[PDB]
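Asker: Handing you this structure, nothing more for now.
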Amino acid sequence: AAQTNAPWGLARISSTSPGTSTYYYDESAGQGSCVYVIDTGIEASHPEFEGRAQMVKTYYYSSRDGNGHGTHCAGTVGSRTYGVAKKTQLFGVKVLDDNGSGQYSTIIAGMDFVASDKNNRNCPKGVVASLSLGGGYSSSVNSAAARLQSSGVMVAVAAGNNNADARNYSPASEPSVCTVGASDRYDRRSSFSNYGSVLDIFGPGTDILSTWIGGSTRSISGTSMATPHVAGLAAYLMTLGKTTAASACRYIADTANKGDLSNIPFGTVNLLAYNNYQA
Ligand SMILES: O=C(O)[C@H](O)c1cccc(Cl)c1
């Protein structure tokens, strides 16, 4: 399948070169997979989600996304226009309040929730969790992400936005999950992207168009935007049968575009997520 006039990041993940604007992908499109978006919520009523999104858990007075961040990330995973995996099922877990803030204890509870809740969902092709959040190093936060991964969920986490080594942030620094840095449309490391040995992969993160609350759209930047590209890619590849939740991060690294990004510090992987789709 070909989506013309796609957001640059979608075009990038199906291309061997920057500077194109059509997204190419297998029509299976993540059907039969599920992606949890652990964030500020999801505006599931947005037409872009086509009934495939739902809130399953909140720790606050509402499950609605009063911020936009979680809706944007969910749109990059799986919206019809802005999403990588256009037929996946999206499940929202609201661990962040409407200002985008949340306590680590709530975030940990949300990760353990997903590890159990997947047993209440139909995801025959596999389960992914996208965590566009983080803070300072916490062994307990890292352990929660490790448990979620161990339980059979492909965990993708944002590297962080401090232009610093991600070893000092969580869950970014957990070795067993997929830690995602950000790139721009010219294949440069995004100016804010964290780096370091703990990164596994880069995805599009600067000037990413996606869904927003109020049935709207907007372009924003962050490792929060790169992470759902990788989460959606994992769901797509699992539906194709090319990989599994346990192996998807390594498979994405194996099959990435290699050596194409600029301003990658010595010792950080130079790997850009790529679907290897041959139309
Ligand atoms: O840069 C920040 O805001 C935080 O350090 C951070 C760390 C890890 C992941 C995210 Cl999305 C944010």
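The chain as shown is numbered from 1 upward.
How was it done? The header gives X-ray crystallography, 1.0 Å.
Backbone N, Cα and C define each Cβ position, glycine as well.
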Asker: Going by Swiss-Prot, tell me which one of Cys34, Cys249 is disulfide-bonded to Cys123.
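Answerer: When Swiss-Prot is consulted, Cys123 turns out to be bridged to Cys34.
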Asker: For the Ca(2+) 1 site, Swiss-Prot lists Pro175, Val177; sort out which one of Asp165, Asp187, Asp200 goes with them.
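Answerer: It is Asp200, as the record lists it for that site.
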Asker: Could you check which of these recorded positions, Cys34, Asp200, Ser224, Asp260, sit within 10 Å of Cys178 (disulfide bond), going Cα to Cα?
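Answerer: Correct set: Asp200.
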Asker: For a Cβ distance below 6 Å to any atom of ligand 1, name the recorded positions from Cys123, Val177, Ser224, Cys249 that qualify, or say none.
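Answerer: Going through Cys123, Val177, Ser224, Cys249 in sequence order, those close to ligand 1 turn out to be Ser224.
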Asker: Where's the emptiest Cβ shell within 10 Å among the recorded positions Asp39, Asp200, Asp260?
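Answerer: Comparing Cβ neighbours within 10 Å for the recorded positions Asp39, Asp200, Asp260, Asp260 has the fewest.
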